[PDB]
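Chemist: One structure, as structure tokens, below. Some questions next.
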Amino acid sequence: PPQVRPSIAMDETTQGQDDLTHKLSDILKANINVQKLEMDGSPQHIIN
Amino acid sequence: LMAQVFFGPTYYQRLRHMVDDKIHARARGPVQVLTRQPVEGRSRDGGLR
RNA sequence: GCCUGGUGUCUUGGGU
DNA sequence: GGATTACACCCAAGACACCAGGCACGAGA
DNA sequence: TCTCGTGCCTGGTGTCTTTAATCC
């Protein structure tokens, strides 16, 4: 939940995200691209 | 005084450490967002560790 | 007409 | 040939993404 | 009035090669 990864405001109206929030975005993006492979253009060496 | 006292001028220097720059007390006060434990530091009304 | 939020991560210099 | 271990507390001052592409506005012909 | 160039803002995405002792 967000209690584990709170947002902080660097200079009042500007907020950056916790390292986990950015890292979960990367896992989530990478998860969608695995779904994007198995249905069309997979040159195998790309799947790996 | 029954004893005599060594007495005379000496050069003394005033150092930066003054008590009203160190004194600190906390009852209740601000907490960290992440741990909900008292904040660190005199300048933030913090609590002792 | 009660409630009332101001950052972090470092680095460096210091105190006992 | 590999990591893990390396006192405690405290104060304070001093800092912050880059590059490329696209769109919009202004100036010149 | 139209076209071209420059500047600003927003979005997406990395890489030329260059401290010391212990046990298990």
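How things are named: the first chain in the structure tokens is A, the next is B, and so on; residues count from 1 in each chain; ligands count from 1 in the order shown.
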Which chain B residues are at most 9 Å from chain A (counting only C-alpha atoms), as a ChimeraX atom specification?

Modeler: /B:33-35

Chemist: Mind dumping the selected residues with N, CA and C atoms as a PDB file, in the first residue's frame?

Modeler:
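Done, and the output landed in selection-v4.pdb:
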```pdb
ATOM      1  N   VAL B  33       6.639  10.995   8.099  1.00  0.00           N
ATOM      2  CA  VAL B  33       5.530  10.442   7.326  1.00  0.00           C
ATOM      3  C   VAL B  33       5.630   8.923   7.251  1.00  0.00           C
ATOM      4  N   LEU B  34       6.846   8.412   7.061  1.00  0.00           N
ATOM      5  CA  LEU B  34       7.077   6.997   6.794  1.00  0.00           C
ATOM      6  C   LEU B  34       6.979   6.100   8.023  1.00  0.00           C
ATOM      7  N   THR B  35       7.551   6.506   9.152  1.00  0.00           N
ATOM      8  CA  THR B  35       7.590   5.653  10.332  1.00  0.00           C
ATOM      9  C   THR B  35       6.639   6.068  11.443  1.00  0.00           C
TER      10      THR B  35
END
```

Chemist: Go through chain B and collect every residue that DSSP, computed from the backbone, puts in helix (DSSP H, G or I); the answer should be as JSON, numbers by chain.

Modeler: {"B": [19, 20, 21, 42, 43, 44]}

Chemist: Got a sec: who's within 12 Å of residue 8 (chain C), counting only C-alpha atoms (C1' of nucleotides), leaving out chain neighbours fewer than 2 positions off, as a VMD selection string?

Modeler: (chain A and resid 6 to 11 15 to 19) or (chain B and resid 32 to 34) or (chain C and resid 6 10) or (chain D and resid 15 to 16)

Chemist: Export, as a PDB file, in the first residue's frame, the selected residues with C-alpha atoms (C1' of nucleotides).

Modeler:
```pdb
ATOM      1  CA  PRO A   6       5.040   7.613   0.582  1.00  0.00           C
ATOM      2  CA  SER A   7       5.530  10.583  -1.669  1.00  0.00           C
ATOM      3  CA  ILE A   8       7.623  13.542  -0.549  1.00  0.00           C
ATOM      4  CA  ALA A   9       7.518  17.145  -1.743  1.00  0.00           C
ATOM      5  CA  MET A  10      10.989  18.414  -2.595  1.00  0.00           C
ATOM      6  CA  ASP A  11      10.062  22.093  -3.011  1.00  0.00           C
ATOM      7  CA  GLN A  15       6.704  15.830  -5.536  1.00  0.00           C
ATOM      8  CA  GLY A  16       8.936  12.937  -6.424  1.00  0.00           C
ATOM      9  CA  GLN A  17       8.125   9.289  -5.938  1.00  0.00           C
ATOM     10  CA  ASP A  18       9.693   6.671  -3.715  1.00  0.00           C
ATOM     11  CA  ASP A  19      12.303   4.344  -5.250  1.00  0.00           C
TER      12      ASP A  19
ATOM     13  CA  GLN B  32       8.005  11.334  10.065  1.00  0.00           C
ATOM     14  CA  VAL B  33       5.530  10.442   7.326  1.00  0.00           C
ATOM     15  CA  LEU B  34       7.077   6.997   6.794  1.00  0.00           C
TER      16      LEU B  34
ATOM     17  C1'   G C   6       6.812  21.596   5.042  1.00  0.00           C
ATOM     18  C1'   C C  10      24.156  12.315   0.573  1.00  0.00           C
TER      19        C C  10
ATOM     20  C1'  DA D  15      23.108  20.498  -2.845  1.00  0.00           C
ATOM     21  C1'  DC D  16      19.434  18.371  -6.974  1.00  0.00           C
TER      22       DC D  16
END
```

Chemist: Can you tell me how far CA of residue 18 (chain B) sits from CA of residue 30 (chain B), in Å to one decimal?

Modeler: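 Rounded to one decimal, the two atoms are 25.8 Å apart.
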
Chemist: Quick one: everything within 10 Å of residue 24 (chain B), counting only C-alpha atoms (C1' of nucleotides), minus sequence neighbours fewer than 5 positions away in the same chain. Send it as a ChimeraX atom specification.

Modeler: /B:19,41-43,45-48

Chemist: As an exercise, work out the distance from CA of residue 15 (chain B) to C1' of residue 9 (chain D) in Å and give it to one decimal place.

Modeler: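 It comes out at 21.3 Å.
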
Chemist: What does the distance from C1' of residue 5 (chain C) to CA of residue 21 (chain A) come to in Å, to one decimal?

Modeler: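 Computing it gives 22.1 Å between the two atoms.
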
Chemist: Please identify all polymer residues within 12 Å of residue 12 (chain E), counting only C-alpha atoms (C1' of nucleotides), omitting same-chain residues fewer than 2 positions from it, and present them as a ChimeraX atom specification.

Modeler: /D:17-21 /E:10,14

Chemist: Could you pull the residues within 12 Å of residue 8 (chain E), counting only C-alpha atoms (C1' of nucleotides), minus those fewer than 5 positions along the same chain, as a list in words?

Modeler: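 After dropping sequence-adjacent residues, the list is residues 21, 22, 23, 24 and 25 of chain D.
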
Chemist: Near residue 22 (chain E), within 12 Å and counting only C-alpha atoms (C1' of nucleotides), which residues show up once chain neighbours fewer than 5 positions away are dropped, as a count of residues only?

Modeler: 4
